[PDB]
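Each of two forms of one protein chain follows alone as structure tokens, named structure 1 and structure 2.
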Structure 1
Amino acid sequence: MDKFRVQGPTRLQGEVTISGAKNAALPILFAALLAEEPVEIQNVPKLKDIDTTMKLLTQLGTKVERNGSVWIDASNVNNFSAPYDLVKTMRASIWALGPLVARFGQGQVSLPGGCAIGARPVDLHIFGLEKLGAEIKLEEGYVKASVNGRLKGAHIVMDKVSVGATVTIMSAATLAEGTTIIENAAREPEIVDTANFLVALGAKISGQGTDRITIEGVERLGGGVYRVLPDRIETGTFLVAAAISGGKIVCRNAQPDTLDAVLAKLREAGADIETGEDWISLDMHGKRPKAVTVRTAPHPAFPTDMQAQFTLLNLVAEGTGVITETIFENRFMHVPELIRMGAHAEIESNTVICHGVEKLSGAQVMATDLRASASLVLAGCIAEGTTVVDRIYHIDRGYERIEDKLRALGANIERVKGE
């Protein structure tokens, strides 16, 4: 069990290059199953689900090779069943279902099991595919879908906003007969990217980024070159590291319009921010952040994946700040860990009242959420002494080697394998 030994305090300053978003890379890699011609998917992070995804794709008959880009040849896909040993590892594997049924008329995906029933993560994908004309077959542990001929464009009203389901329905709708209209569609930048990649291949999609997506089915999708958008959450993470350490950074390969709410909150914290078409710089000019009031909300509001990071900022800011979590219940496990690092906070329900302290003290901390865990590495950077963040695999799975990026901003961090 790799852990991170962080020694502070260190001011974080320098340049960081942002990785492509895994949450844009994944749905686009699955959507590539619709492409008859070879595809080059650029700016793909090297992360565990990317590797599980290429292995899965390979199991279906896809020719996949990698390195900066992921090159895909899906012209000869011929195994329409995503097996449990390749899918047990990753929930995103549900995204192979839509493309297989839309293009080949059949698909099946093994499912991870449970005692809890009702509004399980895959349920909206099943019903979105069913809405589009697919015949669904379920038995515990798998979902099988098939369609007689082509899927048929449908007017789908999502009762709940789902990124997962929005991608499944949108992507399957590109080869459906006619027009599909998705109401109450997820607006996440990863949704827009997946829609643009699909358009790049020949799909007819509009409203991506808005609450209503319109898809005009076409006969087949071609191939092409497509660059995955920058990871907006990793960008925010780095921007908070320089903001909580009196730092100055430049985030390269960034996409500023995916972070309006985050940047606005940083500017309220006292940050001096400038942005380019592909970059964001932040300078605290050596000042302590000023506390902020944050309310997480669906994109494009302040993102819940930036909440633990902003908790940490209030916790070392000047003043009293409140973080209100409206998306997720229970996403405050970083709090007790930070209280152990010397923070002053009160959790009242789905909020934390933060009372900024000048300095934190190093500790043996652990969080299972990757944003909370990464916030712990960050506090460790500015805390006095040594901080040991355990169960670092949660960060490694969503951040392309954060210690190398952090070490490059002046952090004293080291990976400690075993013990």
Structure 2
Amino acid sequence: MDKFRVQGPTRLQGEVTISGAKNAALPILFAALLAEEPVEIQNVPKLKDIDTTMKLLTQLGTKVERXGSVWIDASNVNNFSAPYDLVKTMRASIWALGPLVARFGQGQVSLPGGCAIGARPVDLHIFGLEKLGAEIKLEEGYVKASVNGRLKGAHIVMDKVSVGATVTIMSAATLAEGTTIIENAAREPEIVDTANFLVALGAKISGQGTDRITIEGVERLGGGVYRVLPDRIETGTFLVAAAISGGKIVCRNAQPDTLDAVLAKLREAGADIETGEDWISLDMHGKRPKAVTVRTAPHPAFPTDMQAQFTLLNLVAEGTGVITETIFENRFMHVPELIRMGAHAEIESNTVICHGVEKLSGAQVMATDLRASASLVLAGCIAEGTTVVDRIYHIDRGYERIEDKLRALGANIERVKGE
């Protein structure tokens, strides 16, 4: 049971090279199930979720190898199930369903149960598949999808903006007969990425990145080489790390355009930001951040994955900051943890009201969220004394070598085993 032992405070200074987006590599790996020829996916981060996805793929009969790239050979898929033991550790596993039934006519994925973050049903995925002509049943806790022949293109309107369902439907539609239109599609950069990967394979897609995606199904998808875009959440997290430590940093291998809301918020916090084609620089000039007000919502608005990070910022900022969550209404586990470290805040429904304090004190805290829990490690870097973060296996799922990157910035951090 690994733990991080963090000794603060530290001014974070230096450079970080941004990893490929975990959230683009995932949907792309599942989408690779459609490829009839070998595929090379470049710039894939090394983290737990990629391990789980590789494991799931191998379990289907996919040939998998990795380093910076992940090589996929789905020529011999011979198993069509994603078991409970696997799905329970990573709900994103649901993405295996669409490609399976679209290409093979059959797929069975354990129905995801509860997730600590909040209510996260996959009704939209199933709805999308059915509209495509798939027959779906629930047996023994398994979602069983089937179709005799090809799926069928359809005009679908989304009851909610959904990253997951948009990917399920979009992916499955590339092999359908006819044209599919997804109305009220999610606009996330990862969706544009996945679509581009599909297009590189031979798929016909347009509108990716807009609220309206159109797919013209083809008979088969080939193979190819595709480079995954930079991780916007990793980038935001590092920018925040610098901004709350009076620091200075340059992010390499970045994609500024995927970060508008976060950059504008950092500027409001008082950060001096410059951007280039593939880089972002942030300098606090040793200043304490200014509290900001944030509202999470579908891309390009402020993302829920940067939420806890900004809550932290608000917590050591000057002034009252307010954070409202409209995606995962209960994604506030980090708050009582930070309050253990001396922070001040009240949760009213889906909103956290922050009362910035001058300094945090080191304490024992518990990670629970693969993205938001990074805020606990960030807090440890600027808190007075020693902070011990328990359950880092969560963070291991969403960040490539977070200790290494922080350490290269001056952080005093140690991975503790057992003890």
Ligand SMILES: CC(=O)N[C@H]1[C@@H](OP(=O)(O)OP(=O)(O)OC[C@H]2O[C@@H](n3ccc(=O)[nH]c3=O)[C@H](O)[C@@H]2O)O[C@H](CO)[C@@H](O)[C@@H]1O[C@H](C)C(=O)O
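For residue numbers, the reference is structure 1: its sequence is counted from 1. Here, rigid core means the biggest group of C-alpha atoms that superpose within 1.5 Å across both forms.
Taken from the structure described as the form deposited without the ligand is structure 1, whereas structure 2 is drawn from elsewhere. Checked against the rigid-part motion between structures 1 and 2, the candidate from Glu325, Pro289, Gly20, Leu47 that sits at the hinge is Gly20.
A rotation of 11 degrees carries the smaller rigid part relative to the larger between structures 1 and 2, according to C-alpha superpositions. In the core-aligned comparison between structures 1 and 2, the Cα atom of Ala116 sits 14.2 Å away from its counterpart.
With the core fitted, the CA of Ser81 sits 4.2 Å away from its counterpart between structures 1 and 2. For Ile392, the CA shift between structures 1 and 2 after superposing the rigid core equals 0.4 Å.
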